[PDB]
């Protein structure tokens, strides 16, 4: 498979078996094709579909509200907003790109994977329609920056809470590699998307906000690099992937994992089990890319000898029984997330107990959750 943001092993297996005509896979892919129909007819979304404009007055600038920031009832204007860790302010849904980036990302990802597996042009044609409108269209495409993501009303500073929201559309950017070679994705379409990705990577690496996120001391630093690797892998920058892994990701794991395997920066949050899992999910998506060039992030030590497998080790009992979690978790933790996580970590580490537990937890065979498309092995 081309370099991209997916388990390449599971994708190649699926395509081989689908092409061999194996019945188990062929039936599963035919179900995936019925799931994918809604995306062929889905009208492409655009970041410009908003009324309240960002400070730039540019509808092509992505803008969202940092989710845990709320109006202060004790101020006449509600300003400045105050933080309530773990309590999502429903005002986030007043920024249409928040949910529309998810819907775009799901549609592009599903269609691109189904094109890779089946070879059917109809999936590339529709995948391409979503990509052009979201990224490159000169009036509907988003500007390649995240300047106004997670803004905090009343804040007298830049940024606000990061740009971790980028993972939604950067996974879609990566799957565009899968439709290269189709008749619907022209050489001109690719150049424009290449040029967008180069400008977004530049912003990510050189803007003050991009620099700050690259140095974040918690799961935001790891998700920054997962996103960074998706953009670099899209641009075929395999040497930069090695450099980012060795000079940024691994040191971050070495600083963020304690000697007992816990993630103390996530243990202080009101959703401590969710955010510990979120940190490892960043490493999981980063690993999907690095392992395609020979770097295993679950087992490769940092300079201090710490390995990401120690953090999985620490959490595994709590994936079996979340009720035993002894740190603040003000909302229920979804055990289903441990399925893909323990399978990804288990296969990377040769831990068959992890793989067993992933399959016992499992995923629903008929689920339309697009991230689970490669994981028939769990279904």
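Positions refer to the first chain, counted from 1.
* 154 to 162 versus 279 to 287 - which carries the larger mean C-alpha B factor in the record -> It is 154 to 162.
* Asked: Averaging C-alpha B-factors over each stretch, which comes out higher, 198 to 206 or 237 to 245?
  -> Comparing 198 to 206 with 237 to 245, the higher average CA B-factor belongs to 237 to 245.
* Asked: Once the chain's modelled residues are ordered by C-alpha B factor and cut into thirds, is residue 46 in the lowest, middle or highest one?
  -> Lowest third of the chain for residue 46's C-alpha B-factor.
* Asked: Going by what the PDB entry lists, where does residue 186 fall on CA B-factor within its chain: lowest, middle or highest third?
  -> It belongs to the highest third of the chain when residues are ordered by C-alpha B-factor.
* **Third of chain Cα B-factors occupied by residue 193** => Lowest third - that is where residue 193 ends up once the chain's C-alpha B-factors are sorted.
* To do: Please place residue 261 in the lowest, middle or highest third of its chain by C-alpha B factor as given in the entry.
  => It falls in the middle third of the chain.
* **Relative C-alpha B-factor of residue 87, binned into the chain's lowest, middle or highest third** => According to the entry, residue 87 has a C-alpha B-factor in the chain's middle third.
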